[PDB]
Amino acid sequence: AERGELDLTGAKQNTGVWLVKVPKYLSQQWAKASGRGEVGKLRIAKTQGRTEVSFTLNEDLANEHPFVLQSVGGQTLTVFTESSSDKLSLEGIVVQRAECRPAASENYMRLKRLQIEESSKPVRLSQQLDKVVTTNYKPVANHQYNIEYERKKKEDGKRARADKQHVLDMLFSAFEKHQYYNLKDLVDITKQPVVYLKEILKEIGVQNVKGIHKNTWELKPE
Amino acid sequence: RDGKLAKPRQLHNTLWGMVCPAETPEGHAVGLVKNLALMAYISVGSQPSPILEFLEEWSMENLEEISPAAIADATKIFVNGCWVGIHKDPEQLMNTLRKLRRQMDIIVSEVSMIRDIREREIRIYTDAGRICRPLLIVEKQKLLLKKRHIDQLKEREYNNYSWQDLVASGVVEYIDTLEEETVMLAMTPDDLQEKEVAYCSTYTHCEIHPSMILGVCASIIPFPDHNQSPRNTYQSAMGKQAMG
Amino acid sequence: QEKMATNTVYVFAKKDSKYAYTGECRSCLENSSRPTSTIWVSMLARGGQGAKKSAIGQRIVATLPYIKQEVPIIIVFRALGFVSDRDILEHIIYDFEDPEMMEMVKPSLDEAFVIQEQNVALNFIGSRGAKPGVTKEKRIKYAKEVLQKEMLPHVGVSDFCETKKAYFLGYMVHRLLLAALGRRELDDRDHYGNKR
Amino acid sequence: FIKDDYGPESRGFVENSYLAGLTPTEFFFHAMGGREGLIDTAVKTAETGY
Amino acid sequence: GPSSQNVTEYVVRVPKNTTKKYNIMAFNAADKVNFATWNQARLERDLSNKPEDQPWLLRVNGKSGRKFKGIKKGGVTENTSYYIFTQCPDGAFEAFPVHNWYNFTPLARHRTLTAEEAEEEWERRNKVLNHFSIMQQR
Amino acid sequence: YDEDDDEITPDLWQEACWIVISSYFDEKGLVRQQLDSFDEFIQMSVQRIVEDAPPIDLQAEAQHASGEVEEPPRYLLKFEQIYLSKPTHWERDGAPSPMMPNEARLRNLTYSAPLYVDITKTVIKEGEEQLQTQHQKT
Amino acid sequence: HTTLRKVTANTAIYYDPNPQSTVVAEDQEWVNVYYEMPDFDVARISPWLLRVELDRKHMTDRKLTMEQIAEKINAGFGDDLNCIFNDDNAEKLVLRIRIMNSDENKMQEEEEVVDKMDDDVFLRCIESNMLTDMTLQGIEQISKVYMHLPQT
RNA sequence: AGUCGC
């Protein structure tokens, strides 16, 4: 067996299930019933050549919904389940579709318009704004600019031009990883001034450009 | 502009009480520059969202949930020209929906709602930019507005009662040009009254006053109907031309 | 400013004697970003190359935005993925009980045979629409995004509403076929109900 | 008017004289006929000029 | 009996949390699917040509069995919910949430006309002049 | 005042429709079209547009030629409620004051008002920090 | 300019490869009327049947004869178009059309260069040409056009 | 440019 296999047991039982459409508020109420172990009861009353189905809410949860039956003949509805154990099973076929009708559509609306208002309120602010004077206080410089100054003002700034040999070693070390590099990268990896890194690269190496002044330098590989 | 004869220059039939009949320039731009009617109003636009919720809750079935091979009998419903769904009982829906409009659960000035029976379509419009006008409602072959509403309007001289209250009685409605095609509209209370076998009895709206079809400048000109029609158009230009 | 009403299909009999009828839909979310999208479904008439069908006056094609070449409506349906000819017929005309409607579409089905899968149909629209690109698959992905974003944008802007677009495009062909039977009035150019 | 009313009033023909005054509908249909005369003057003027 | 007069009444339960996601598998009635004649099925996400957004691939029985394509609905509901009402051995009702709505449609076991060759070119030449033979040359 | 029972006299004449018309202009007035649209334009549309969906983020390049550690910094900008102050004018002195349309015409000013917006800065980098968020009204 | 298209009420195409047992049992006596008509190559002519119905009112105005129309179409198309017609003794008027082939050469040599489109499909092109191009007494191209006037 | 004049 594998996770790509679909269990047909449900289908093999030919198990039928009911399909009911319900308004979000009723299911939201169920959503905050959590695990009370019920949300209501379903009542079915049958007569000669007629059937009446209805639902009653739990009185505790409230702190009559008639059902309208629906055609399913035009679609072969079925249900499958995607398990948290990553297992798939075909649970049953829809033998009936139906719609849960409100007890009153008319007065409800008062609540509904209010209901719509509660989910739907981007109170476009607009309340104008009278007259403001916060075109900002002007310090001596940007706060962050001072942060930038402080960073610049921490050790890094001047560079260690002294000791050519260690810098020579660093170039050799560059040559240990790859045959060519960007001079922008070469100053970054060496922490030395450009005019000097050039002065050295003139001494022990060569250069090679490509396309639009895109240049790389190499310690004369042989 | 400048060399092109056309039919969008000639006054069109639908411009009845929507755009002034005789108030467009006498130069080359004739009929292309029109002037709004006096009673005419223009929809400011609104979100379709509330209507979609009421419909789905009422009994509109969703598109991908239905079975295509079973829709021939059903009426297609559209909102802002977007095909939202289908319905198998459009007559109860239209009657109920208008009732909501009279009660203002959807904005009058906004929602236009039209049914094209011979095609089984229901178009609803809530986009900005539609030209519409106020009309009186008539019901059961007679006017729904009664003189008691008039006595409140006299009362306005010292009371908060207003034209908005009048719309809230649901005795007047707003009708855009697309919807105005499907109404049966009496010219004047007089005619809607005398009727027995005179013409018909199916009216649904009535005109608040027929001389309202004129635009701003055309209303200055007195007895405009005893004048030859282009004569009225020259006056609308010249009246606008006078000083004072 | 007076303009033509967005988001609504209307049928016209223009000058060009090779277009019998055409269905126009201007489809911007003016409440979105205000582009345009001007889908045309046009019914070709007068001709037939040679001994093809002795009457080409039913070869219904489709203009699409940013497409360098006219394509037959059926390709777009293939591109929506509904390969089943019965299903395309269901989107076009939900009353297959009338033989006359069924015959009216049939030569447009006959054209459809050269392309019979969504990917290749996408490769057709890509190459007929874009700059040349032998990448094939990108031509398919770009075209996929056009059908998603550019065509009838008022009906949606994502995968999750790709089905909804299929009915609406199909409704235009239906709205067009009705005029082509002539049991449907030809829509006026200047009716005020069709103004904004 | 009612749908399909070819009778002379719903479709064109005005009964009254300029002295009696035109009824509202009669008035508007007259303006349609007067517009043809205004437009034709402008269009004809350009074409003969050329 | 129910044919004359009957009344039934069953409690309805909602578990705080399901142990598995509940999904809908819809077919076209025109395909007249009968699971009675299914013996095996495989169901896997098509994913190789580029996971939980990706379409479904339904493979029935063996390789020679019918294959179907499953397409995800944009959302289960846009302003409501869909719930399954199920019969339990105690005699109650049990209600389960829908997590996804998928559309499933048929595919041909072996058709494939292909346009990559020069079918498009043949179209340039298409005077409705052939139909069978091109299907044979394949 | 009404009840629709003792009433027997619905009739109403010319004298009275003009009462209804007067009430239409008393409420609306002749230029209610222009004004209603502009008002809706501010009350809705300029808000709708900044409340769009283009929150911008920017990630500068890091670990050039070498780096390792942990941060290529990342910044995101968001926009909130929009404010509009009644139409103001600033003299060359710099001191703002209310404008009035008659003044605006004589001195040839433009009768406009200043617009403000709430902006957010949001430093959710690769790990070191995420909450440092600040609101502005600019 | 009267085209056959103006005169025609309707057209129908049937598969009726056995005239002696035609698909319209009511049509059967007219087949009895035609058996001396090339009986040897009825095994050679095509099995597809074209059937046309004509308006009596158009036929009266143009004061035509069925033999005039049959002679017109046969003459216009050529020997290939094998025509027979119903009896004049009816208020209705119908014409039955089959196509003859090239007989001897159709023995399938290389592959029969036609690309093997169905003969019926060729028949619709025949009917197309037949409606639009056929000009019985339609001596020219004057649209449909006429009227007659008395001048005093 | 648009408005406008005959």
# chains A, B, ... in the order shown; residues from 1 in each chain; ligands from 1
>>> residues_around(residues="stretch 69-79 of chain E", least_positions_apart="4", cutoff="7 Å", atoms="only C-alpha atoms (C1' of nucleotides)", output="JSON, numbers by chain")
{"A": [24], "C": [160, 161], "E": [55, 56, 57, 58, 98, 99, 100, 101, 102, 103, 104, 105, 106, 107]}
>>> closest_atom_pairs(of="chain G", to="chain E", cutoff="7 Å", atoms="only C-alpha atoms", output="Markdown table")
| residue | atom | partner | partner_atom | distance |
| --- | --- | --- | --- | --- |
| G:115 | CA | E:130 | CA | 5.7 |
| G:116 | CA | E:130 | CA | 6.4 |
| G:117 | CA | E:130 | CA | 5.2 |
>>> write_last_selection(atoms="N, CA, C and O atoms", output="short mmCIF file (atom, residue, chain, number, x, y, z; two decimals), in the first residue's frame")
data_model
loop_
_atom_site.label_atom_id
_atom_site.label_comp_id
_atom_site.auth_asym_id
_atom_site.auth_seq_id
_atom_site.Cartn_x
_atom_site.Cartn_y
_atom_site.Cartn_z
N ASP G 115 -8.08 12.47 -52.23
CA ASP G 115 -7.74 12.52 -50.80
C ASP G 115 -8.90 11.97 -49.97
O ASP G 115 -8.94 12.14 -48.75
N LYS G 116 -9.82 11.31 -50.65
CA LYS G 116 -10.86 10.48 -50.04
C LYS G 116 -11.78 11.23 -49.07
O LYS G 116 -12.16 10.70 -48.03
N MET G 117 -12.12 12.47 -49.42
CA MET G 117 -13.25 13.14 -48.78
C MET G 117 -14.53 12.41 -49.16
O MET G 117 -14.63 11.86 -50.26
#
>>> select_by_dssp(residues="stretch 45-125 of chain B", states="helix (DSSP H, G or I)", output="PDB file with C-alpha atoms, in the first residue's frame")
ATOM      1  CA  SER B  49     -21.388  43.164  -2.974  1.00  0.00           C
ATOM      2  CA  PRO B  50     -24.647  43.485  -0.940  1.00  0.00           C
ATOM      3  CA  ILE B  51     -26.841  42.476  -3.909  1.00  0.00           C
ATOM      4  CA  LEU B  52     -24.734  39.383  -4.493  1.00  0.00           C
ATOM      5  CA  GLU B  53     -25.256  38.318  -0.880  1.00  0.00           C
ATOM      6  CA  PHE B  54     -29.040  38.802  -0.931  1.00  0.00           C
ATOM      7  CA  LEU B  55     -29.346  36.845  -4.199  1.00  0.00           C
ATOM      8  CA  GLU B  56     -27.288  33.836  -3.087  1.00  0.00           C
ATOM      9  CA  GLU B  57     -29.308  33.712   0.107  1.00  0.00           C
ATOM     10  CA  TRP B  58     -32.618  34.154  -1.664  1.00  0.00           C
ATOM     11  CA  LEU B  63     -22.407  28.796 -11.437  1.00  0.00           C
ATOM     12  CA  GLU B  64     -20.021  25.858 -10.907  1.00  0.00           C
ATOM     13  CA  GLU B  65     -22.454  24.034  -8.634  1.00  0.00           C
ATOM     14  CA  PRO B  90     -37.799  35.034 -11.726  1.00  0.00           C
ATOM     15  CA  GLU B  91     -41.245  36.524 -11.152  1.00  0.00           C
ATOM     16  CA  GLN B  92     -41.269  36.077  -7.412  1.00  0.00           C
ATOM     17  CA  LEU B  93     -37.655  37.283  -7.389  1.00  0.00           C
ATOM     18  CA  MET B  94     -38.344  40.492  -9.282  1.00  0.00           C
ATOM     19  CA  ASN B  95     -41.368  41.353  -7.178  1.00  0.00           C
ATOM     20  CA  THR B  96     -39.526  40.735  -3.916  1.00  0.00           C
ATOM     21  CA  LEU B  97     -36.392  42.562  -5.047  1.00  0.00           C
ATOM     22  CA  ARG B  98     -38.188  45.728  -6.041  1.00  0.00           C
ATOM     23  CA  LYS B  99     -39.991  45.587  -2.682  1.00  0.00           C
ATOM     24  CA  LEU B 100     -36.550  45.680  -1.113  1.00  0.00           C
ATOM     25  CA  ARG B 101     -35.679  48.733  -3.264  1.00  0.00           C
ATOM     26  CA  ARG B 102     -38.828  50.552  -2.193  1.00  0.00           C
ATOM     27  CA  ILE B 117     -38.878  38.301 -20.341  1.00  0.00           C
ATOM     28  CA  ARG B 118     -38.754  37.140 -23.956  1.00  0.00           C
ATOM     29  CA  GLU B 119     -35.080  36.298 -23.446  1.00  0.00           C
TER      30      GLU B 119
END
>>> atom_distance(atom1="atom CA of residue F:76", atom2="atom CA of residue C:145")
26.8 Å
>>> residues_around(residues="residue G:3", least_positions_apart="3", cutoff="7 Å", atoms="only C-alpha atoms (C1' of nucleotides)", output="ChimeraX atom specification")
/G:6,131-132,134-136,138
>>> atom_distance(atom1="atom CA of residue B:141", atom2="atom CA of residue B:104")
23.9 Å
>>> atom_distance(atom1="atom CA of residue C:183", atom2="atom CA of residue B:79")
24.8 Å
>>> residues_around(residues="stretch 6-15 of chain D", least_positions_apart="3", cutoff="8 Å", atoms="only C-alpha atoms (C1' of nucleotides)", output="ChimeraX atom specification")
/D:1,22,26,29
>>> write_last_selection(atoms="C-alpha atoms", output="short mmCIF file (atom, residue, chain, number, x, y, z; two decimals), in the first residue's frame")
data_model
loop_
_atom_site.label_atom_id
_atom_site.label_comp_id
_atom_site.auth_asym_id
_atom_site.auth_seq_id
_atom_site.Cartn_x
_atom_site.Cartn_y
_atom_site.Cartn_z
CA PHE D 1 -47.15 53.86 -25.66
CA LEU D 22 -48.50 70.12 -29.21
CA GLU D 26 -46.34 65.28 -30.03
CA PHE D 29 -41.56 63.75 -31.99
#
>>> closest_residue(among="C:115, C:104, C:25, C:74", to="chain E", atoms="only C-alpha atoms")
C:115
>>> residues_around(residues="residue G:83", least_positions_apart="3", cutoff="8 Å", atoms="only C-alpha atoms (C1' of nucleotides)", output="ChimeraX atom specification")
/G:70,74,95-98
>>> write_last_selection(atoms="C-alpha atoms", output="mmCIF file, in the first residue's frame")
data_model
loop_
_atom_site.group_PDB
_atom_site.id
_atom_site.type_symbol
_atom_site.label_atom_id
_atom_site.label_comp_id
_atom_site.auth_asym_id
_atom_site.auth_seq_id
_atom_site.Cartn_x
_atom_site.Cartn_y
_atom_site.Cartn_z
ATOM 1 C CA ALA G 70 -33.818 19.702 -64.946
ATOM 2 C CA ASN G 74 -27.916 19.079 -66.242
ATOM 3 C CA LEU G 95 -36.498 16.871 -57.584
ATOM 4 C CA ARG G 96 -34.246 13.894 -56.889
ATOM 5 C CA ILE G 97 -30.544 14.148 -57.700
ATOM 6 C CA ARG G 98 -27.706 11.639 -57.776
#
>>> closest_atom_pairs(of="chain C", to="chain F", cutoff="12 Å", atoms="only C-alpha atoms", output="tab-separated table")
residue	atom	partner	partner_atom	distance
C:30	CA	F:45	CA	11.3
C:31	CA	F:45	CA	9.0
C:32	CA	F:49	CA	8.7
C:33	CA	F:49	CA	8.8
C:34	CA	F:49	CA	11.6
>>> write_last_selection(atoms="N, CA, C and O atoms", output="PDB file, in the first residue's frame")
ATOM      1  N   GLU C  30     -13.020  49.097 -14.565  1.00  0.00           N
ATOM      2  CA  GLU C  30     -12.746  50.502 -14.261  1.00  0.00           C
ATOM      3  C   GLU C  30     -12.530  50.671 -12.755  1.00  0.00           C
ATOM      4  O   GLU C  30     -11.752  51.525 -12.310  1.00  0.00           O
ATOM      5  N   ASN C  31     -13.232  49.848 -11.980  1.00  0.00           N
ATOM      6  CA  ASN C  31     -13.001  49.745 -10.548  1.00  0.00           C
ATOM      7  C   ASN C  31     -11.884  48.738 -10.265  1.00  0.00           C
ATOM      8  O   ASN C  31     -12.066  47.790  -9.500  1.00  0.00           O
ATOM      9  N   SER C  32     -10.733  48.941 -10.900  1.00  0.00           N
ATOM     10  CA  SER C  32      -9.593  48.057 -10.699  1.00  0.00           C
ATOM     11  C   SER C  32      -8.267  48.742 -11.018  1.00  0.00           C
ATOM     12  O   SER C  32      -7.369  48.793 -10.178  1.00  0.00           O
ATOM     13  N   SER C  33      -8.161  49.271 -12.234  1.00  0.00           N
ATOM     14  CA  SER C  33      -6.920  49.871 -12.730  1.00  0.00           C
ATOM     15  C   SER C  33      -7.175  50.596 -14.048  1.00  0.00           C
ATOM     16  O   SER C  33      -6.306  51.304 -14.563  1.00  0.00           O
ATOM     17  N   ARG C  34      -8.378  50.388 -14.581  1.00  0.00           N
ATOM     18  CA  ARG C  34      -8.824  50.956 -15.860  1.00  0.00           C
ATOM     19  C   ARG C  34      -7.899  50.644 -17.050  1.00  0.00           C
ATOM     20  O   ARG C  34      -7.144  51.508 -17.507  1.00  0.00           O
TER      21      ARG C  34
END
>>> interface_residues(of="chain F", to="chain A", cutoff="7 Å", atoms="only C-alpha atoms", output="MDAnalysis selection string")
chainID F and resid 43:44 47 64:65 81:86
>>> residues_around(residues="residue C:114", least_positions_apart="3", cutoff="9 Å", atoms="only C-alpha atoms (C1' of nucleotides)", output="ChimeraX atom specification")
/C:110-111 /E:113-115,119-120,122-123
>>> write_last_selection(atoms="N, CA, C and O atoms", output="PDB file, in the first residue's frame")
ATOM      1  N   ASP C 110     -15.548  21.791 -37.268  1.00  0.00           N
ATOM      2  CA  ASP C 110     -14.776  21.121 -38.310  1.00  0.00           C
ATOM      3  C   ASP C 110     -13.379  21.723 -38.395  1.00  0.00           C
ATOM      4  O   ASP C 110     -12.402  21.016 -38.638  1.00  0.00           O
ATOM      5  N   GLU C 111     -13.287  23.032 -38.194  1.00  0.00           N
ATOM      6  CA  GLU C 111     -11.999  23.713 -38.157  1.00  0.00           C
ATOM      7  C   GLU C 111     -11.139  23.251 -36.971  1.00  0.00           C
ATOM      8  O   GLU C 111      -9.914  23.186 -37.071  1.00  0.00           O
TER       9      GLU C 111
ATOM     10  N   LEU E 113      -4.109  13.881 -31.296  1.00  0.00           N
ATOM     11  CA  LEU E 113      -3.930  14.200 -32.707  1.00  0.00           C
ATOM     12  C   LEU E 113      -2.633  14.975 -32.950  1.00  0.00           C
ATOM     13  O   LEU E 113      -1.976  14.771 -33.972  1.00  0.00           O
ATOM     14  N   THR E 114      -2.281  15.855 -32.009  1.00  0.00           N
ATOM     15  CA  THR E 114      -1.009  16.593 -32.013  1.00  0.00           C
ATOM     16  C   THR E 114      -0.928  17.605 -33.157  1.00  0.00           C
ATOM     17  O   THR E 114      -1.285  17.303 -34.291  1.00  0.00           O
ATOM     18  N   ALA E 115      -0.458  18.811 -32.850  1.00  0.00           N
ATOM     19  CA  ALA E 115      -0.332  19.864 -33.856  1.00  0.00           C
ATOM     20  C   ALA E 115       1.126  20.219 -34.107  1.00  0.00           C
ATOM     21  O   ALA E 115       1.436  21.063 -34.949  1.00  0.00           O
ATOM     22  N   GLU E 119       0.297  20.086 -38.740  1.00  0.00           N
ATOM     23  CA  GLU E 119      -1.156  20.125 -38.807  1.00  0.00           C
ATOM     24  C   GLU E 119      -1.587  21.567 -39.059  1.00  0.00           C
ATOM     25  O   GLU E 119      -2.541  21.832 -39.792  1.00  0.00           O
ATOM     26  N   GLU E 120      -0.861  22.487 -38.432  1.00  0.00           N
ATOM     27  CA  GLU E 120      -1.054  23.926 -38.582  1.00  0.00           C
ATOM     28  C   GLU E 120      -0.810  24.360 -40.025  1.00  0.00           C
ATOM     29  O   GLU E 120      -1.489  25.237 -40.559  1.00  0.00           O
ATOM     30  N   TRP E 122      -1.001  22.142 -42.621  1.00  0.00           N
ATOM     31  CA  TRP E 122      -2.090  21.481 -43.335  1.00  0.00           C
ATOM     32  C   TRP E 122      -3.303  22.416 -43.252  1.00  0.00           C
ATOM     33  O   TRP E 122      -4.070  22.519 -44.210  1.00  0.00           O
ATOM     34  N   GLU E 123      -3.495  23.057 -42.098  1.00  0.00           N
ATOM     35  CA  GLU E 123      -4.589  24.017 -41.934  1.00  0.00           C
ATOM     36  C   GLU E 123      -4.419  25.110 -43.004  1.00  0.00           C
ATOM     37  O   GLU E 123      -5.411  25.509 -43.615  1.00  0.00           O
TER      38      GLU E 123
END
>>> decode(residues="stretch 48-63 of chain G", atoms="N, CA, C and O atoms", output="short mmCIF file (atom, residue, chain, number, x, y, z; two decimals), in the first residue's frame")
data_model
loop_
_atom_site.label_atom_id
_atom_site.label_comp_id
_atom_site.auth_asym_id
_atom_site.auth_seq_id
_atom_site.Cartn_x
_atom_site.Cartn_y
_atom_site.Cartn_z
N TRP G 48 -25.34 8.16 -52.55
CA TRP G 48 -25.92 9.33 -51.88
C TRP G 48 -27.03 10.00 -52.66
O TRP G 48 -26.92 10.19 -53.87
N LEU G 49 -28.10 10.36 -51.96
CA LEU G 49 -29.29 10.85 -52.62
C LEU G 49 -29.50 12.29 -52.18
O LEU G 49 -29.50 12.58 -50.99
N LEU G 50 -29.69 13.18 -53.15
CA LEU G 50 -30.10 14.55 -52.87
C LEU G 50 -31.58 14.75 -53.20
O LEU G 50 -32.02 14.46 -54.31
N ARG G 51 -32.35 15.28 -52.25
CA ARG G 51 -33.76 15.53 -52.52
C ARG G 51 -34.14 16.97 -52.21
O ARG G 51 -33.81 17.51 -51.15
N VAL G 52 -34.84 17.58 -53.15
CA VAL G 52 -35.17 18.99 -53.10
C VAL G 52 -36.68 19.19 -53.13
O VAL G 52 -37.37 18.48 -53.85
N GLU G 53 -37.19 20.15 -52.37
CA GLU G 53 -38.59 20.51 -52.51
C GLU G 53 -38.72 21.96 -52.98
O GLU G 53 -37.97 22.84 -52.55
N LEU G 54 -39.69 22.21 -53.86
CA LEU G 54 -39.85 23.51 -54.50
C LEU G 54 -41.16 24.18 -54.14
O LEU G 54 -42.18 23.52 -53.94
N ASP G 55 -41.15 25.51 -54.08
CA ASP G 55 -42.37 26.27 -53.83
C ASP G 55 -43.22 26.39 -55.09
O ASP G 55 -42.75 26.79 -56.15
N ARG G 56 -44.49 26.03 -54.94
CA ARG G 56 -45.47 26.11 -56.02
C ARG G 56 -45.72 27.55 -56.45
O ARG G 56 -45.91 27.83 -57.64
N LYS G 57 -45.72 28.45 -55.48
CA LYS G 57 -45.95 29.87 -55.73
C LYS G 57 -44.84 30.57 -56.52
O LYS G 57 -45.13 31.37 -57.42
N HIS G 58 -43.59 30.29 -56.20
CA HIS G 58 -42.47 30.76 -57.01
C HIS G 58 -42.51 30.15 -58.41
O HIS G 58 -42.28 30.82 -59.41
N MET G 59 -42.80 28.85 -58.45
CA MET G 59 -42.89 28.10 -59.70
C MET G 59 -44.00 28.58 -60.63
O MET G 59 -43.82 28.61 -61.85
N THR G 60 -45.13 28.96 -60.06
CA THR G 60 -46.18 29.64 -60.82
C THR G 60 -45.80 31.01 -61.37
O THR G 60 -46.08 31.30 -62.54
N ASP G 61 -45.17 31.85 -60.56
CA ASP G 61 -44.84 33.21 -61.00
C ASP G 61 -43.86 33.16 -62.17
O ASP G 61 -44.07 33.80 -63.21
N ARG G 62 -42.79 32.39 -62.00
CA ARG G 62 -41.78 32.22 -63.04
C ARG G 62 -42.27 31.33 -64.17
O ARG G 62 -41.53 31.08 -65.13
N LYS G 63 -43.52 30.87 -64.05
CA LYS G 63 -44.19 30.00 -65.02
C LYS G 63 -43.25 28.97 -65.67
O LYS G 63 -43.22 28.80 -66.89
#
